[PDB]
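Everything below belongs to target.txt, which stores compact mmCIF, C-alpha atoms and all ligand atoms.
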```txt
# COMPACT_ATOMS: atom_id res chain seq x y z
CA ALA M 38 -9.88 -2.85 -22.94
CA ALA M 39 -8.48 -3.84 -20.48
CA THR M 40 -9.71 -7.40 -20.93
CA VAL M 41 -7.61 -10.58 -20.68
CA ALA M 42 -7.67 -10.90 -24.49
CA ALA M 43 -6.83 -7.22 -25.05
CA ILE M 44 -3.85 -7.42 -22.73
CA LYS M 45 -2.58 -10.67 -24.31
CA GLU M 46 -2.69 -8.79 -27.62
CA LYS M 47 -0.57 -5.93 -26.40
CA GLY M 48 1.95 -8.40 -24.88
CA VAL M 49 2.40 -6.24 -21.76
CA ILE M 50 0.34 -5.46 -18.67
CA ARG M 51 0.38 -1.94 -17.27
CA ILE M 52 0.46 -2.13 -13.46
CA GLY M 53 0.17 0.74 -10.95
CA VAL M 54 2.57 0.35 -7.99
CA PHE M 55 4.32 2.41 -5.34
CA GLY M 56 7.78 3.79 -5.89
CA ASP M 57 8.44 4.71 -2.26
CA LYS M 58 6.53 2.37 0.01
CA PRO M 59 9.07 -0.28 0.93
CA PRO M 60 8.61 -3.14 1.62
CA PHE M 61 5.42 -3.22 -0.47
CA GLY M 62 6.42 -1.29 -3.60
CA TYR M 63 9.66 0.58 -4.20
CA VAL M 64 12.60 1.02 -6.50
CA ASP M 65 16.03 -0.40 -5.60
CA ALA M 66 19.49 1.11 -6.11
CA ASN M 67 19.60 -0.48 -9.59
CA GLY M 68 16.34 1.27 -10.60
CA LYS M 69 14.36 -2.03 -10.42
CA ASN M 70 10.85 -2.30 -8.95
CA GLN M 71 10.78 -4.50 -5.82
CA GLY M 72 8.54 -5.37 -2.88
CA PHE M 73 5.62 -7.52 -1.92
CA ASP M 74 3.04 -5.99 -4.34
CA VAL M 75 5.60 -6.16 -7.22
CA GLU M 76 6.25 -9.84 -6.62
CA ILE M 77 2.49 -10.47 -6.95
CA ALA M 78 2.51 -8.35 -10.10
CA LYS M 79 5.37 -10.43 -11.62
CA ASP M 80 3.51 -13.66 -10.84
CA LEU M 81 0.37 -12.36 -12.59
CA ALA M 82 2.40 -11.32 -15.68
CA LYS M 83 4.15 -14.67 -15.86
CA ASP M 84 0.74 -16.49 -15.84
CA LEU M 85 -0.93 -14.05 -18.19
CA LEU M 86 1.86 -13.32 -20.61
CA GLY M 87 4.43 -16.10 -20.19
CA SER M 88 7.11 -13.99 -18.49
CA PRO M 89 7.38 -11.94 -15.29
CA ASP M 90 9.24 -9.26 -17.33
CA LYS M 91 6.06 -8.41 -19.29
CA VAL M 92 4.85 -5.88 -16.74
CA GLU M 93 5.12 -2.18 -17.50
CA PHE M 94 5.25 -0.80 -13.87
CA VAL M 95 3.77 2.67 -13.51
CA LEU M 96 4.66 4.56 -10.36
CA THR M 97 1.51 5.82 -8.77
CA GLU M 98 0.90 8.36 -5.91
CA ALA M 99 -1.73 7.24 -3.34
CA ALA M 100 -4.10 9.94 -4.57
CA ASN M 101 -3.84 8.87 -8.27
CA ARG M 102 -4.67 5.19 -7.92
CA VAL M 103 -8.37 5.56 -8.73
CA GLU M 104 -7.79 8.03 -11.61
CA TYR M 105 -5.07 5.89 -13.26
CA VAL M 106 -7.12 2.75 -13.33
CA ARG M 107 -10.29 4.64 -14.24
CA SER M 108 -8.78 6.51 -17.19
CA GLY M 109 -7.00 3.42 -18.60
CA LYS M 110 -3.50 4.63 -17.71
CA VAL M 111 -3.03 1.27 -16.03
CA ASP M 112 -4.76 -2.09 -16.38
CA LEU M 113 -4.50 -3.00 -12.74
CA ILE M 114 -3.61 -1.34 -9.43
CA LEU M 115 -1.28 -3.15 -7.08
CA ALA M 116 -0.24 0.02 -5.24
CA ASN M 117 -0.83 -1.51 -1.76
CA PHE M 118 -4.49 -0.58 -2.03
CA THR M 119 -6.88 -0.80 0.88
CA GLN M 120 -10.42 -1.81 -0.05
CA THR M 121 -13.11 0.51 1.32
CA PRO M 122 -16.82 0.87 0.50
CA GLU M 123 -16.21 4.41 -0.87
CA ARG M 124 -13.36 3.27 -3.14
CA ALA M 125 -15.49 0.32 -4.30
CA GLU M 126 -17.90 2.88 -5.82
CA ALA M 127 -15.13 4.03 -8.13
CA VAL M 128 -13.21 0.80 -8.96
CA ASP M 129 -13.56 -3.01 -8.74
CA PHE M 130 -11.49 -4.85 -6.13
CA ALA M 131 -10.34 -8.43 -6.69
CA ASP M 132 -9.78 -10.91 -3.88
CA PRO M 133 -7.67 -9.45 -1.06
CA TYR M 134 -4.11 -10.61 -0.53
CA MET M 135 -3.29 -8.81 2.74
CA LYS M 136 -4.74 -6.93 5.73
CA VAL M 137 -3.62 -3.85 7.58
CA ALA M 138 -4.68 -1.42 10.31
CA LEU M 139 -3.62 2.20 10.72
CA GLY M 140 -1.10 3.36 13.30
CA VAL M 141 0.61 6.58 14.32
CA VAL M 142 4.39 7.20 14.50
CA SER M 143 6.08 9.94 16.57
CA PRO M 144 9.51 10.80 17.97
CA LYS M 145 10.53 8.73 21.06
CA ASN M 146 11.25 11.98 22.90
CA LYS M 147 7.66 13.23 22.52
CA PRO M 148 5.51 10.14 21.85
CA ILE M 149 1.95 10.64 20.75
CA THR M 150 -0.49 8.07 22.22
CA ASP M 151 -3.76 9.94 22.24
CA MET M 152 -5.79 12.45 20.12
CA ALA M 153 -5.89 15.19 22.81
CA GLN M 154 -2.08 15.35 22.34
CA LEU M 155 -2.62 16.69 18.83
CA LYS M 156 -4.20 19.97 20.18
CA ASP M 157 -2.58 23.07 18.51
CA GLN M 158 -0.33 20.67 16.60
CA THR M 159 0.02 19.12 13.12
CA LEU M 160 -0.43 15.49 11.98
CA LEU M 161 1.33 14.38 8.79
CA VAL M 162 -0.39 12.13 6.28
CA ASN M 163 0.31 10.97 2.73
CA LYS M 164 -2.43 12.59 0.68
CA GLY M 165 -5.21 10.23 -0.54
CA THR M 166 -4.46 7.41 1.93
CA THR M 167 -6.84 5.66 4.34
CA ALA M 168 -5.04 7.53 7.16
CA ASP M 169 -5.91 10.84 5.42
CA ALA M 170 -9.54 9.67 5.01
CA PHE M 171 -9.78 8.36 8.57
CA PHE M 172 -8.64 11.61 10.31
CA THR M 173 -10.62 13.81 7.94
CA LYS M 174 -13.81 11.83 8.67
CA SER M 175 -13.39 10.71 12.27
CA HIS M 176 -11.14 13.40 13.81
CA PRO M 177 -11.90 16.77 12.07
CA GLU M 178 -10.51 18.51 15.11
CA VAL M 179 -6.99 17.26 14.16
CA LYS M 180 -5.01 19.57 11.89
CA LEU M 181 -3.53 17.69 8.87
CA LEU M 182 -0.56 18.50 6.70
CA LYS M 183 -0.64 16.38 3.53
CA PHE M 184 2.11 15.52 1.01
CA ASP M 185 1.65 13.67 -2.35
CA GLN M 186 4.54 11.22 -1.82
CA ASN M 187 5.66 8.98 1.05
CA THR M 188 9.27 10.22 0.98
CA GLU M 189 8.08 13.84 1.38
CA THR M 190 5.74 12.84 4.20
CA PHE M 191 8.35 11.01 6.24
CA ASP M 192 10.96 13.72 5.46
CA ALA M 193 8.55 16.28 6.86
CA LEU M 194 8.37 14.22 10.04
CA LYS M 195 12.16 14.06 10.29
CA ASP M 196 12.19 17.86 9.78
CA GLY M 197 9.63 18.46 12.59
CA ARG M 198 6.88 19.74 10.29
CA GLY M 199 4.40 17.78 12.47
CA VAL M 200 4.46 16.01 15.85
CA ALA M 201 3.40 12.64 14.35
CA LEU M 202 2.53 10.83 11.14
CA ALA M 203 -0.33 8.42 10.52
CA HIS M 204 -0.30 5.57 7.94
CA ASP M 205 -0.65 1.77 7.52
CA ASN M 206 0.95 0.31 10.67
CA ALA M 207 2.98 -2.24 8.74
CA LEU M 208 4.57 0.60 6.80
CA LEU M 209 5.25 2.46 10.08
CA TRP M 210 6.85 -0.58 11.72
CA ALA M 211 9.13 -1.01 8.64
CA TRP M 212 10.06 2.64 8.55
CA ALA M 213 10.71 2.93 12.36
CA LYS M 214 13.04 -0.06 12.16
CA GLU M 215 15.42 2.06 10.05
CA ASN M 216 14.58 5.29 11.95
CA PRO M 217 15.02 4.44 15.61
CA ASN M 218 14.42 7.94 17.04
CA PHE M 219 10.79 7.22 16.18
CA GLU M 220 8.33 4.74 17.60
CA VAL M 221 4.93 3.52 16.51
CA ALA M 222 3.35 4.58 19.84
CA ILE M 223 -0.16 4.03 18.52
CA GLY M 224 0.00 0.54 16.89
CA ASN M 225 -3.64 0.25 15.94
CA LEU M 226 -6.49 2.74 15.31
CA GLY M 227 -9.11 0.00 14.78
CA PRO M 228 -9.76 -3.36 12.99
CA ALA M 229 -7.66 -4.41 10.05
CA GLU M 230 -8.92 -3.68 6.47
CA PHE M 231 -8.09 -5.71 3.40
CA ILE M 232 -5.60 -4.78 0.73
CA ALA M 233 -6.59 -5.99 -2.77
CA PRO M 234 -5.82 -5.50 -6.46
CA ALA M 235 -8.15 -3.12 -8.32
CA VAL M 236 -9.36 -2.98 -11.93
CA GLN M 237 -11.48 -0.40 -13.78
CA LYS M 238 -15.10 -0.36 -12.65
CA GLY M 239 -17.01 -2.81 -14.80
CA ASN M 240 -14.00 -4.74 -16.00
CA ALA M 241 -15.42 -8.15 -15.02
CA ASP M 242 -13.22 -10.03 -17.44
CA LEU M 243 -9.91 -8.93 -15.82
CA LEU M 244 -11.50 -8.95 -12.37
CA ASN M 245 -12.55 -12.57 -12.76
CA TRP M 246 -9.06 -13.59 -13.98
CA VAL M 247 -7.35 -11.68 -11.12
CA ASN M 248 -9.63 -13.42 -8.54
CA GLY M 249 -8.68 -16.91 -9.84
CA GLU M 250 -5.01 -15.91 -9.81
CA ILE M 251 -5.09 -14.62 -6.22
CA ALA M 252 -6.96 -17.74 -5.04
CA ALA M 253 -4.44 -19.98 -6.78
CA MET M 254 -1.53 -18.04 -5.24
CA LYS M 255 -2.94 -18.57 -1.74
CA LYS M 256 -3.27 -22.30 -2.39
CA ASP M 257 0.04 -23.02 -4.13
CA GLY M 258 2.51 -21.07 -1.94
CA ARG M 259 3.24 -18.12 -4.26
CA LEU M 260 1.73 -15.63 -1.81
CA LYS M 261 3.64 -17.23 1.09
CA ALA M 262 6.85 -17.11 -1.06
CA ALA M 263 6.32 -13.38 -1.78
CA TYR M 264 5.91 -12.72 2.01
CA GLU M 265 9.07 -14.71 2.80
CA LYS M 266 11.05 -12.80 0.17
CA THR M 267 9.99 -9.27 0.97
CA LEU M 268 8.22 -9.03 4.36
CA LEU M 269 9.75 -11.65 6.63
CA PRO M 270 13.24 -10.05 6.42
CA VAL M 271 11.68 -6.83 7.66
CA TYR M 272 9.39 -7.95 10.47
CA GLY M 273 11.05 -11.29 11.46
CA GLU M 274 9.07 -13.18 14.11
CA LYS M 275 7.59 -9.84 15.39
CA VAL M 276 4.65 -10.10 12.96
CA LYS M 277 3.14 -13.55 12.21
CA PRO M 278 2.35 -14.22 8.53
CA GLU M 279 -1.30 -14.87 9.38
CA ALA M 280 -1.49 -11.32 10.75
CA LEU M 281 -0.52 -9.90 7.35
CA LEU M 282 -1.75 -12.34 4.74
CA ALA M 283 -5.40 -12.56 3.74
CA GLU M 284 -7.07 -15.92 3.93
ZN ZN F 301 -6.43 -5.46 -31.93
ZN ZN F 302 -11.19 12.93 17.59
ZN ZN F 303 1.81 14.74 -6.79
ZN ZN F 304 5.23 17.85 -3.10
ZN ZN F 305 14.47 17.44 4.65
ZN ZN F 306 18.45 -1.99 8.63
```
Let me see the structure of the file written as structure tokens.
Amino acid sequence: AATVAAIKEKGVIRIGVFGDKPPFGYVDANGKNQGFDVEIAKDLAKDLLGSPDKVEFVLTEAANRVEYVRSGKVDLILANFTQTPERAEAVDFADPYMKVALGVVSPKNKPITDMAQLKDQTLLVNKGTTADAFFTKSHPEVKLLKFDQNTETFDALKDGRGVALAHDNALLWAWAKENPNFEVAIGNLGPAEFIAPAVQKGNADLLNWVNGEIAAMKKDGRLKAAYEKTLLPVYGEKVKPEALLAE
């Protein structure tokens, strides 16, 4: 409906998540959904439905997040979704659970640190992300090559299809850790934005329930537990939990 009652009746919550954005949302070698956003999703299903296994996870491209929640394909988006005023015209955001800024990653042998360095060159972005929207709006002089999926986008960077790739910095730090010929040579392109769950526009019933759940997870340690399970192993002491988690 996708109201609380309607979802209880179906016995399963459909949740939009990433398949290829570790450590936020991905699929492990056993074909199981994992990551920070997924842990939050399992917590919500346990409270709503009585069991964390009552989520149907639906793999969502960045560009499809709005459409999937709008059309009813999912009940809720937890595909690491940055809240923006433009997006908020199309969907309703619950209370934020994390924050993130954009960054730019490039090979260590040709680091990119400023926009003039993109002259006559290509920047890679995952289509429909805040990095895509940022460069399109604020740097129209920069030539973009866009791919639907994260794996394609980072593969194109490995293949030299562009000189750099822009995305959430936390993603770029996690990726560069396992790809050490790259560095995040621009760590921050401006103030951090919140990441938040999203429901269909007008769905105040599910929105209100999601808000209470997020708030409760902040207070009772469930959000901190999710960060310790999925994020802390990646960043260690290099990124303080108060830099990632939303108050
Ligand atoms: Zn019915
Ligand atoms: Zn510019
Ligand atoms: Zn696609
Ligand atoms: Zn493709
Ligand atoms: Zn390749
Ligand atoms: Zn490793």
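Selecting all polymer residues at most 12 Å from ligand ZN 301 (chain F), using all atoms listed in the file, gives residues 38, 39, 40, 42, 43, 44, 45, 46, 47 and 48 of chain M.
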Could you tell me, counting all atoms listed in the file, which protein and nucleic acid residues lie no more than 10 Å from ligand ZN 306 (chain F), written as a CSV table (one decimal) with C-alpha atoms, keeping the file's coordinate frame?
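And here's result.csv as it stands now:
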```
chain,number,residue,atom,x,y,z
M,211,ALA,CA,9.1,-1.0,8.6
M,212,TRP,CA,10.1,2.6,8.6
M,213,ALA,CA,10.7,2.9,12.4
M,214,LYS,CA,13.0,-0.1,12.2
M,215,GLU,CA,15.4,2.1,10.0
M,216,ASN,CA,14.6,5.3,12.0
M,270,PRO,CA,13.2,-10.0,6.4
M,271,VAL,CA,11.7,-6.8,7.7
```
Self-check item: Selection: 8 Å around residue 131 (chain M), all atoms listed in the file, excl. self and same-chain fewer than 4 positions, as a ChimeraX atom specification
Solution: /M:233-236,244-245,247-248
Quiz prompt | Within 9 Å of residue 268 (chain M) using all atoms listed in the file, minus same-chain residues under 3 positions, as a list in words | solution = residues 60, 61, 72, 73, 263, 264, 265, 271, 272, 273 and 278 of chain M
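The gap separating atom ZN of ligand ZN 302 (chain F) from CA of residue 174 (chain M) is 9.4 Å, in Å to one decimal.
If only C-alpha atoms are the atoms counted, then among M:115, M:283, M:208, M:66 the closest residue to residue 141 (chain M) is M:208.
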Quiz item: Need the neighbours of (12.3, 13.2, 7.7): which residues are at most 12 Å away, counting only C-alpha atoms, as an NGL selection string?
Solution: :M and (143-144 or 161 or 187-202 or 212-213 or 215-216 or 218-219)
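Near ligand ZN 302 (chain F), at a distance of at most 12 Å and with only C-alpha atoms and all ligand atoms counted, sit the residues residues 151, 152, 153, 154, 155, 156, 171, 172, 173, 174, 175, 176, 177, 178, 179, 180 and 226 of chain M.
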Quiz prompt | Selection: 7 Å around residue 140 (chain M), only C-alpha atoms, excl. self and same-chain fewer than 6 positions, as a PyMOL selection string | solution = chain M and resi 203-206+221+223-226
Deliver the residues from the most recent selection as a file, using C-alpha atoms, as a PDB file, in the frame of the given file.
```pdb
ATOM      1  CA  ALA M 203      -0.330   8.420  10.520  1.00  0.00           C
ATOM      2  CA  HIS M 204      -0.300   5.570   7.940  1.00  0.00           C
ATOM      3  CA  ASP M 205      -0.650   1.770   7.520  1.00  0.00           C
ATOM      4  CA  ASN M 206       0.950   0.310  10.670  1.00  0.00           C
ATOM      5  CA  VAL M 221       4.930   3.520  16.510  1.00  0.00           C
ATOM      6  CA  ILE M 223      -0.160   4.030  18.520  1.00  0.00           C
ATOM      7  CA  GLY M 224       0.000   0.540  16.890  1.00  0.00           C
ATOM      8  CA  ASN M 225      -3.640   0.250  15.940  1.00  0.00           C
ATOM      9  CA  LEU M 226      -6.490   2.740  15.310  1.00  0.00           C
TER      10      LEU M 226
END
```
Quiz prompt | Near-residue 186 (chain M) list (12 Å; all atoms listed in the file; drop same-chain fewer than 2 positions) as a PyMOL selection string | solution = chain M and resi 55-58+96-101+161-166+183-184+188-193
Missing atoms of region 201-226 of chain M rebuilt to N, CA, C and O atoms, written as a PDB file, in the coordinates of the input:
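Generated output (selection04.pdb):
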```pdb
ATOM      1  N   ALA M 201       3.690  14.041  14.604  1.00  0.00           N
ATOM      2  CA  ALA M 201       3.400  12.640  14.350  1.00  0.00           C
ATOM      3  C   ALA M 201       2.954  12.430  12.896  1.00  0.00           C
ATOM      4  O   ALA M 201       2.607  13.389  12.186  1.00  0.00           O
ATOM      5  N   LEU M 202       2.908  11.166  12.476  1.00  0.00           N
ATOM      6  CA  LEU M 202       2.530  10.830  11.140  1.00  0.00           C
ATOM      7  C   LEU M 202       1.696   9.552  11.185  1.00  0.00           C
ATOM      8  O   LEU M 202       2.076   8.574  11.824  1.00  0.00           O
ATOM      9  N   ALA M 203       0.553   9.569  10.531  1.00  0.00           N
ATOM     10  CA  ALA M 203      -0.330   8.420  10.520  1.00  0.00           C
ATOM     11  C   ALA M 203      -0.317   7.734   9.148  1.00  0.00           C
ATOM     12  O   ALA M 203      -0.279   8.413   8.112  1.00  0.00           O
ATOM     13  N   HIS M 204      -0.372   6.402   9.168  1.00  0.00           N
ATOM     14  CA  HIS M 204      -0.300   5.570   7.940  1.00  0.00           C
ATOM     15  C   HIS M 204      -0.602   4.107   8.311  1.00  0.00           C
ATOM     16  O   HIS M 204      -0.869   3.802   9.488  1.00  0.00           O
ATOM     17  N   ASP M 205      -0.512   3.207   7.319  1.00  0.00           N
ATOM     18  CA  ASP M 205      -0.650   1.770   7.520  1.00  0.00           C
ATOM     19  C   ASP M 205       0.361   1.391   8.598  1.00  0.00           C
ATOM     20  O   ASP M 205       1.524   1.760   8.494  1.00  0.00           O
ATOM     21  N   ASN M 206      -0.033   0.620   9.605  1.00  0.00           N
ATOM     22  CA  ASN M 206       0.950   0.310  10.670  1.00  0.00           C
ATOM     23  C   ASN M 206       2.154  -0.503  10.208  1.00  0.00           C
ATOM     24  O   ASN M 206       3.290  -0.263  10.673  1.00  0.00           O
ATOM     25  N   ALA M 207       1.913  -1.440   9.295  1.00  0.00           N
ATOM     26  CA  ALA M 207       2.980  -2.240   8.740  1.00  0.00           C
ATOM     27  C   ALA M 207       4.021  -1.339   8.064  1.00  0.00           C
ATOM     28  O   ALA M 207       5.193  -1.580   8.170  1.00  0.00           O
ATOM     29  N   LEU M 208       3.600  -0.332   7.326  1.00  0.00           N
ATOM     30  CA  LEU M 208       4.570   0.600   6.800  1.00  0.00           C
ATOM     31  C   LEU M 208       5.335   1.240   7.967  1.00  0.00           C
ATOM     32  O   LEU M 208       6.561   1.321   7.946  1.00  0.00           O
ATOM     33  N   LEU M 209       4.603   1.709   8.977  1.00  0.00           N
ATOM     34  CA  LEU M 209       5.250   2.460  10.080  1.00  0.00           C
ATOM     35  C   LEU M 209       6.237   1.602  10.873  1.00  0.00           C
ATOM     36  O   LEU M 209       7.306   2.075  11.261  1.00  0.00           O
ATOM     37  N   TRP M 210       5.897   0.321  11.093  1.00  0.00           N
ATOM     38  CA  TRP M 210       6.850  -0.580  11.720  1.00  0.00           C
ATOM     39  C   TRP M 210       8.136  -0.708  10.855  1.00  0.00           C
ATOM     40  O   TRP M 210       9.234  -0.741  11.398  1.00  0.00           O
ATOM     41  N   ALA M 211       7.977  -0.752   9.538  1.00  0.00           N
ATOM     42  CA  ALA M 211       9.130  -1.010   8.640  1.00  0.00           C
ATOM     43  C   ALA M 211      10.018   0.230   8.576  1.00  0.00           C
ATOM     44  O   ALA M 211      11.271   0.141   8.565  1.00  0.00           O
ATOM     45  N   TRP M 212       9.353   1.388   8.548  1.00  0.00           N
ATOM     46  CA  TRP M 212      10.060   2.640   8.550  1.00  0.00           C
ATOM     47  C   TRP M 212      10.798   2.873   9.899  1.00  0.00           C
ATOM     48  O   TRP M 212      11.951   3.276   9.900  1.00  0.00           O
ATOM     49  N   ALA M 213      10.136   2.641  11.032  1.00  0.00           N
ATOM     50  CA  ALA M 213      10.710   2.930  12.360  1.00  0.00           C
ATOM     51  C   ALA M 213      11.926   2.053  12.671  1.00  0.00           C
ATOM     52  O   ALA M 213      12.876   2.459  13.381  1.00  0.00           O
ATOM     53  N   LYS M 214      11.925   0.858  12.077  1.00  0.00           N
ATOM     54  CA  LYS M 214      13.040  -0.060  12.160  1.00  0.00           C
ATOM     55  C   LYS M 214      14.352   0.617  11.661  1.00  0.00           C
ATOM     56  O   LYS M 214      15.435   0.374  12.223  1.00  0.00           O
ATOM     57  N   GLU M 215      14.261   1.408  10.588  1.00  0.00           N
ATOM     58  CA  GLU M 215      15.420   2.060  10.050  1.00  0.00           C
ATOM     59  C   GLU M 215      15.531   3.487  10.576  1.00  0.00           C
ATOM     60  O   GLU M 215      16.481   4.147  10.261  1.00  0.00           O
ATOM     61  N   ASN M 216      14.556   3.956  11.351  1.00  0.00           N
ATOM     62  CA  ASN M 216      14.580   5.290  11.950  1.00  0.00           C
ATOM     63  C   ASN M 216      14.298   5.256  13.438  1.00  0.00           C
ATOM     64  O   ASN M 216      13.210   5.636  13.868  1.00  0.00           O
ATOM     65  N   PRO M 217      15.292   4.806  14.230  1.00  0.00           N
ATOM     66  CA  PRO M 217      15.020   4.440  15.610  1.00  0.00           C
ATOM     67  C   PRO M 217      14.820   5.607  16.599  1.00  0.00           C
ATOM     68  O   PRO M 217      14.573   5.364  17.742  1.00  0.00           O
ATOM     69  N   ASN M 218      14.860   6.860  16.152  1.00  0.00           N
ATOM     70  CA  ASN M 218      14.420   7.940  17.040  1.00  0.00           C
ATOM     71  C   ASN M 218      12.899   8.115  17.030  1.00  0.00           C
ATOM     72  O   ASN M 218      12.326   8.989  17.731  1.00  0.00           O
ATOM     73  N   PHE M 219      12.235   7.271  16.234  1.00  0.00           N
ATOM     74  CA  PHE M 219      10.790   7.220  16.180  1.00  0.00           C
ATOM     75  C   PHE M 219      10.232   5.902  16.678  1.00  0.00           C
ATOM     76  O   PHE M 219      10.899   4.848  16.574  1.00  0.00           O
ATOM     77  N   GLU M 220       9.039   5.969  17.261  1.00  0.00           N
ATOM     78  CA  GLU M 220       8.330   4.740  17.600  1.00  0.00           C
ATOM     79  C   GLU M 220       6.880   4.796  17.150  1.00  0.00           C
ATOM     80  O   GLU M 220       6.251   5.892  17.079  1.00  0.00           O
ATOM     81  N   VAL M 221       6.351   3.612  16.839  1.00  0.00           N
ATOM     82  CA  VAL M 221       4.930   3.520  16.510  1.00  0.00           C
ATOM     83  C   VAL M 221       4.134   3.403  17.838  1.00  0.00           C
ATOM     84  O   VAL M 221       3.749   2.324  18.283  1.00  0.00           O
ATOM     85  N   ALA M 222       3.930   4.542  18.478  1.00  0.00           N
ATOM     86  CA  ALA M 222       3.350   4.580  19.840  1.00  0.00           C
ATOM     87  C   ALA M 222       1.851   4.397  19.891  1.00  0.00           C
ATOM     88  O   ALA M 222       1.320   4.102  20.958  1.00  0.00           O
ATOM     89  N   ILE M 223       1.188   4.587  18.756  1.00  0.00           N
ATOM     90  CA  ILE M 223      -0.160   4.030  18.520  1.00  0.00           C
ATOM     91  C   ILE M 223      -0.111   2.938  17.442  1.00  0.00           C
ATOM     92  O   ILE M 223      -0.048   3.301  16.268  1.00  0.00           O
ATOM     93  N   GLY M 224      -0.137   1.637  17.843  1.00  0.00           N
ATOM     94  CA  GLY M 224       0.000   0.540  16.890  1.00  0.00           C
ATOM     95  C   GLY M 224      -1.206   0.288  16.029  1.00  0.00           C
ATOM     96  O   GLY M 224      -1.091  -0.291  14.940  1.00  0.00           O
ATOM     97  N   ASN M 225      -2.377   0.706  16.519  1.00  0.00           N
ATOM     98  CA  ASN M 225      -3.640   0.250  15.940  1.00  0.00           C
ATOM     99  C   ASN M 225      -4.758   1.257  16.235  1.00  0.00           C
ATOM    100  O   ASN M 225      -5.045   1.571  17.383  1.00  0.00           O
ATOM    101  N   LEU M 226      -5.380   1.781  15.194  1.00  0.00           N
ATOM    102  CA  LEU M 226      -6.490   2.740  15.310  1.00  0.00           C
ATOM    103  C   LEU M 226      -7.819   2.056  15.001  1.00  0.00           C
ATOM    104  O   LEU M 226      -8.815   2.741  14.715  1.00  0.00           O
TER     105      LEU M 226
END
```
